[PDB]
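Okay, here we've got a single chain as structure tokens, the form deposited in one PDB entry, with questions on binding and movement later.
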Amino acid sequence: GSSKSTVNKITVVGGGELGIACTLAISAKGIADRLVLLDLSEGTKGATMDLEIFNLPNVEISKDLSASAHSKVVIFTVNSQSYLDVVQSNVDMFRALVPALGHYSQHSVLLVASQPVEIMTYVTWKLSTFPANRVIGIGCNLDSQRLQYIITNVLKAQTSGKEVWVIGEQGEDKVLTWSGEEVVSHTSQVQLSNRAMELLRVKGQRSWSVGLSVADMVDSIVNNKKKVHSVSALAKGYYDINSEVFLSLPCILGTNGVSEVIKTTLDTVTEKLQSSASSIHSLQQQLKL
């Protein structure tokens, strides 16, 4: 008792934790005018039953691919022994999905959040027959937003007009670059960069964090923010890469996807990027697409 003592339609592909995280983050900020969650699991699982029960006003859950029609953004969150076999399994899942989703939303931006992101973005590009500017992966977007917060807020470091980005291939080995001027000591900038990078590298990347970074990218696209994000983008022509690979590059994002790749200062950065391009390209060559 009382005793004491335009209508912005967005499709999230996948009803797993990442798909749910994207859905909730997008809904939390009111980014979508309407949101379709494509639940592609076995029906018996009832993977998204709780979301149906919760009944978000502008959210529709469906198992029908055609429910995604006329989307502004289609977000891929789905995922499947040896490395090549595991990647091939993911590729094969995308092969049965991307062409249909591309058909249903022919003017959308395709946003790839499935891993390994560089290969999966390339695969999505090849399967959709979309222009490269409208196919992007989450790349090092989360890394970059965190790194910038680390420098500004954790380290309270004086950075003057210069912005820092994590670029290239997503992984434990991380590559950074600066875009901006006030003259700064090379030694001090390297020391700052190394320190902020160490702080970043120990952090995990859980589904909720990825969902939040995805929602922010969708925000930029649907509202034509022209905000810079480091995303997986077609890297041929940059850093003397002559192969068709997607690496994370700082891009201006808006209604038509990537509007511009911004220039950064120019060497180990090129070397690491070319090495990534080489290994990614070699793995793409042995995949069945």
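Take the two forms, find the largest set of C-alpha atoms that superpose within 1.5 Å, and that set is the rigid core. Don't overthink the numbering: it's just position in the shown sequence, from 1.
This next part talks about the form deposited in another entry, which is not shown.
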item	value
Shifted position (C-alpha, 2 Å or more, core held fixed) between the shown form and the other one, chosen from 153, 106, 129, 89	153
Core superposition between the shown form and the other one, C-alpha change of residue 199 at least 2 Å	yes
Rigid core superposition, residue 189 Cα moves 2 angstroms or more between the shown form and the other one	yes
Sense of the change in Cα distance from residue 198 to residue 280 in that other deposited form - at least 3 Å versus the shown form	farther
Cα-Cα shift for residue 161 and residue 168, closer or farther in that other deposited form, minimum 3 Å	closer
